[PDB]
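Novice: pasting the structure only:
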């Protein structure tokens, strides 16, 4: 019964900690997504054309 | 100049524009500079066995030819270095990369540049002097114990055009320039040698002096000569470390090399951790053995070529130190794991299996390796002798000597120190089985012993006979009990037990047995055998008498001599002078003679 | 007596049944957020291609880059129909740079008969003359390729560096 | 930085031969390059380049070549070798042989990419193994104790319960507790029942937050079975040597892996070596097994326990033989014990942990432990000798001393070795069971133990 009586408390706690972690993710996401996207988009949009370096001539 | 990759299949890389290559020429492959050896030419195409994993090599990648076959850089900075089997410095590949791995595509120079050393040019030389391979044109003081003698490479010769003055120099400095046939050769303290080629000598000599290990059983009953070839059955249950540590931390050998053929990863790190902590006494100072060695360590996962090269790098380093006039000694931790690297490279080469799986050449590779040992007159002019002693461990499956590497090794080596798990389970350290073990160098040490220890050959002969007689008598003891044996047999068994327990056995952790000098060893055995002959005299002299002497009467009236004989091991070469030890042993001879006279 | 020890593991089991799923929902959230950052990036690329100035600079790159991989005597560029004038300019600027870098002549065509699907967020495909070898240089392809390789930098910047990374080795 | 250049795709399938597809007119191919084949019907398949030569690239396709053709087939090249996306979030999760997850969770957000082939750990940097891992099975922890950083295979045979032992180690394993430990369990050639057993038993019996589970099924394509060990070890190297975690890697059947090296070597047309295995099988198993040990300046540590089905029960077979050469021990599962319904049926006589004396002792476990294990081995050995004597001489001919060794033997198999699938005995509970048996003897019969240790632990 000491283990069994802990289950509902643990069930609520894992949801609380999931909601907190997902909130932390959403906060980090909203704080960082702009800079991250701008970096990726800039690398997409900066082509830097190169030949393969093994080309002899 | 350089070629280009044409194809790859597993570790085998085909290249093109290789027209100027040679078979077994060393090559760098790929943008990451992977190491490999050419194993076929096909015209302007060549096939390279790559060592490291070829994953990510591309067609059209560069293939730089190295101007040399597989080779060892030789010079200052060897001492205390740890190399792998293809001569890459594992201590520096650590400290320079700050990584726990060997990165695929290492290019670190084997003897580290920019490190200056104190170089003394040989003050006897002048510009215009004649010079030849093996001439000591200078010395590098790289460590207090080992003056590194520089020498002209064996292929080089000519007249000195310039020599550096005394000072601090490194591998990039042109220490020497010489001319021959109108052509100048520039030279450095670093020298290079093909690893599979013997370094030549003025004359290979007959070996005639003991490689004193400070270990009674070895040094007395199975002496290995300096320059001798020997094997140890290296297996976990028998304590192979005992011999290899004792050889390094005491034995009469100026420089040690140790080759990890292909050891288990942890057991290799055990050695590399532990050896730096060993110390030996020199000039009344205590110093780390890393002043007198270099370790060529390969774990089982190092490339197949690095395992099969391991012993050839080791011997090449050892021959370079031999040509400085040192009595080098080289361990190989498992010639069996080197023989597996042979099986694997022959498997990749698709060569036919000979004995049990091994290549046809396994016996010839072993034999042409072991022949690199011996005492020699060096090349060049200062006339010095040197040697390489080879201590090649073997690991026969279940102890079965019919195993091809073990069988060929016992065919070639002149000494076998047969360690035994039974003796180790009984804690009979050094645990060498004296019945199985042998040395073919007995004859060759007659000259030495006749000069320095003229009684010792009689003593050794008697000792082996006494122990052999006890092994035969033990069958009678099992059949009919100790009570049934003759008095001569009973005293022989008691003395053989004394020899076994208080002479063969030696506790190398104790201050008195951590090492054991040869004079100590002789004096201990001399007393035990002098006691045997006088005890046996009293027994046999009282054959057919009314009162007959027996071992029990000897133990009753003079068991103090038996107690003293067992006690003779405690004498200490540090706290007791050599003369004091000899005097105590001479006193025990007088004591026992007077005690025997009280009976007969 | 053994069961009275085992109930501590039953507590750990019930904890694991809950925890192991709860953290999978956090991981699912992480990957959804990355997937939405890629969705926003694809939307932003679909905005960028509406500027003919920057889009010309993109095509000038993407075309020349395709050619520099597929070194051949004859090549075909495939593009969306409406982009063709910008692509033609890109090909005409790329051919000189092809000769300069490759040291060999080329014939390049745009396949006006076989335009790419209109819903692609711009960029080009390039095929060799045999139509047996191709390279795909759509902005969506580069976004997938670069986002996949930069994923550790994405994670580390987006959700912060993990303090357990004591060594980078 | 990264491959900023776009991926080529070819229709140039010049041939197909068993599991191989031969592209031609290929531009600068890499050996071991990953490719994505697309069938005529649009089905994606992975493959890797198994050979290259001039214009040709021989891809081994992962799945069989069923449905490939010389025309409508197309083949994208990634430009790169196989890198695993790796992270600490690979704990608590279940992966197929390719490293695609199958626990219904999302794809891995890599904390870094790593080369799956790894690199050799520098022998200067490897550090000696010197503190015990508790596996909880008494026949391991009290007789064959594992130093963290040891490699020690469980040899077994077809039909024996080595998969239940492997699962029991994976649930029970951890630090001694005089938090920062995680198993990586990798399984190859697993029949789908045994794969359900691992996935289900690990998810059920509390383990998952400290384990990574790689499954390669028996019918997963054979190159994925070669990939899985390297994949798992690449994760273990990340967890240990970058994230400071202690790790135990469990490899479930190295024989099913040797059975894969056969196929890939035949795919290269290499001539078969000793007993039909590749000649380089020693090096390949070393490049699996030696991805292990502690290292200089990291708290992290990889142990390995390779489970290994000896074909035909033969220790001379190359798979156990080579493994015995590379790894610092062996643990033998025995059909004699399994038929007696003893579980776990580890035979403690031929088993040996070569690092035991550095795993265990004072501070690391308990002071007595190194003494007790020698004595238990001696009593079990003399017990077996006496049991053979009883069968010859009959009970009344036994001495009082023999009857003690026989009573110890009986109680030792029925209490020390026998443990059941969920009884997680600590080292301390194993030693207390060791004393509960050794106390059957008169104090003076326990001749391997020091008189001090007896005076400190023989009293109850």
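Specialist: Yes, it's here. Numbering: from 1, shown residues only, chains lettered A, B, ... in the order given.

Novice: Tell me the residue of chain B that sits nearest chain D?
Specialist: Per Cβ to the nearest Cβ, the residue of chain B with the smallest distance to chain D is residue B:347, at 1.9 Å. Backbone N, C-alpha and C define where each C-beta goes, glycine included.

Novice: Contact partners for that residue?
Specialist: For residue B:347, the set of contacting residues under the criterion of Cβ atoms under 8 Å, 6 or more residues apart in numbering or on different chains consists of D:273, D:278-280.

Novice: pretty sure residue D:321 is in a helix, no?
Specialist: Yes. Counting by DSSP: H, G, I helix; E, B strand; the rest coil, one finds residue D:321 located in a helix.

Novice: picking up where we left off before, of the contacts of residue B:347, which ones also sit close to chain B?
Specialist: On the criterion Cβ under 8 Å from any Cβ of the partner chain, D:273, D:278-280 are the entries of the contacts of residue B:347 that sit beside chain B.

Novice: The helix or strand hosting the residue of chain B closest to chain D: how far from the chain's middle?
Specialist: When secondary structure is defined using DSSP states H and E, the element that contains residue B:347 is helix B:335-348. The offset between the C-alpha centroid of helix B:335-348 and the centroid of the whole chain comes to 21 Å, using Cα atoms, centre = their mean, to the nearest Å.

Novice: Next: stretch C:49-62.
Specialist: Going by Cα atoms, centre = their mean, the spacing between the C-alpha centre of stretch C:49-62 and its chain's C-alpha centre is 17 Å.

Novice: re the thing from before, got a list of contacts for whichever helix or strand comes after the helix holding residue B:347?
Specialist: Moving toward the C-terminus from helix B:335-348, the next helix or strand (DSSP H and E) is helix B:362-370. Contact partners of helix B:362-370, identified using Cβ under 8 Å, 6+ apart, comprise B:229, B:311-312, B:315, B:335, B:339, B:342, B:354-355, B:359, B:390, B:392, B:404-405, B:408-409, B:411-413.

Novice: make it 10 Å
Specialist: Outside helix B:362-370, the residues within contact range by Cβ atoms under 10 Å, 6 or more residues apart in numbering or on different chains are B:196, B:198, B:229-231, B:308, B:311-312, B:314-315, B:332, B:335, B:338-339, B:342-343, B:346, B:354-356, B:358-359, B:361, B:390, B:392, B:404-405, B:407-409, B:411-414.

Novice: Those residues also near chain A: which ones?
Specialist: Among the contacts of helix B:362-370, proximity to chain A is found for none (Cβ under 10 Å from any Cβ of the partner chain).

Novice: Separate out the buried members of those.
Specialist: Among these, the ones that count as buried by 16 or more other Cβ atoms under 10 Å in any protein chain shown are B:196, B:198, B:229-231, B:308, B:311-312, B:314-315, B:332, B:335, B:338-339, B:342-343, B:346, B:358-359, B:390, B:392, B:404-405, B:407-409, B:412-414.

Novice: So which of the residues you listed belong to helices?
Specialist: Using DSSP state H, the members of the buried ones among the contacts of helix B:362-370 that fall in helices are B:308, B:311-312, B:314-315, B:335, B:338-339, B:342-343, B:346, B:404-405, B:407-409, B:412.

Novice: now the helices for chain C?
Specialist: Under the criterion DSSP H, chain C contains helices at C:2-48, C:52-69, C:84-102, C:139-149, C:151-158.

Novice: quick one: the longest one to helix C:139-149, angle?
Specialist: It refers to helix C:2-48. Comparing the axes of helix C:2-48 and helix C:139-149 via axes from the mean of the first three to the mean of the last three Cα atoms, to 10 degrees yields an angle of 140 degrees.

Novice: Remind me what helix C:2-48 packs against, helices and strands.
Specialist: Counting by 3 or more Cβ pairs under 10 Å, 6 or more residues apart in numbering or on different chains; DSSP states H and E, the packing neighbours recorded for helix C:2-48 are helix A:7-44, helix C:52-69, helix C:139-149, helix C:151-158, strand D:93-95, helix D:192-204.

Novice: what sits up against whichever helix or strand comes after the shortest one?
Specialist: Using DSSP H and E, the next helix or strand after strand D:93-95 towards the C-terminus is strand D:112-115. The contact list for strand D:112-115 (Cβ under 10 Å, 6+ apart) reads B:53, B:55-56, B:104, C:148-149, C:151-153, C:155-156, C:165, C:168, D:2, D:80-87, D:230-231, D:234-235, D:237-238, D:242.
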